């Protein structure tokens, strides 16, 4: 049905050496892989280098943010038009680290989703609830809110070709991921919630699960029905990333 995506968000980790190594190894390690779609998001100053190193393979490049302006007098910003130019396709927006540390709002993340779409880039929209919200029973409500900032404003056609990445905040870097059962309950909720507005768009939107995915759990998770892939953090930097991609690929070709 949906073609799986495993995307690796490298976060604040990269170097000329590490980019030379990981991507050239991945390139030989992922030769003839056709059941999964793979992308890496190097730190911005390395997107171009990893883009040249990934040539010959089908590793897709991504980026970890965009800002709202395409050009002009905006020091220190990230143009979507330039991300596009340099070869990024998958732009992470709305990750918990920008939401908490950088106090990024739903309204701002939605206007960014808006830009990326308009440009022709795949947003990987992160959503997730915190442990507090989780205990409270608010997971449906948080997730739904967060999807709605795009859904109620721009409409379900916005998700035609986007990626939602459910990343339970209490699961990011903690080591405590959602069980397959948990994971899938929310991916089904998400899908139901877009489908209420347009089921044709719900059926196609990739819902990746992110939040302590590693080789051991990659397969239990992927067995689920509404889990379309993964957004990998820590293990992106480890060779174990290939094993996570192999989970999504061979299970795909069941």
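Residue numbers count along the first chain shown, from 1.
Residue stretch of maximal mean CA temperature factor, 217-225 vs 63-71: Between 217-225 and 63-71, it is 217-225.
Higher-B stretch (mean Cα B-factor, as the entry records it), 47-55 or 184-192: Comparing averages over the C-alpha atoms only gives 184-192.
Deposited CA B-factor, highest of 85, 167, 97, 140: If I rank 85, 167, 97, 140 by C-alpha B-factor, first place goes to 140.
Highest-ranked of 126, 162, 80, 172 once sorted by CA temperature factor in the record: So the option with the highest C-alpha B-factor is 172.
Chain-relative CA temperature factor third for residue 176: Highest third - that is where residue 176 ends up once the chain's C-alpha B-factors are sorted.
Third of the chain's Cα B-factor distribution that residue 105 belongs to, per the entry: Ranked within chain, residue 105 CA B lands in the middle tercile.
Within-chain third of residue 233 by Cα B-factor, per the entry: Lowest third, going by the recorded CA B-factors of the chain.
Position of residue 212 among the chain's modelled residues by C-alpha B-factor, lowest, middle or highest third: Middle third.
For residue 92, the third of its chain into which the C-alpha B factor falls: Lowest third - that is where residue 92 ends up once the chain's C-alpha B-factors are sorted.
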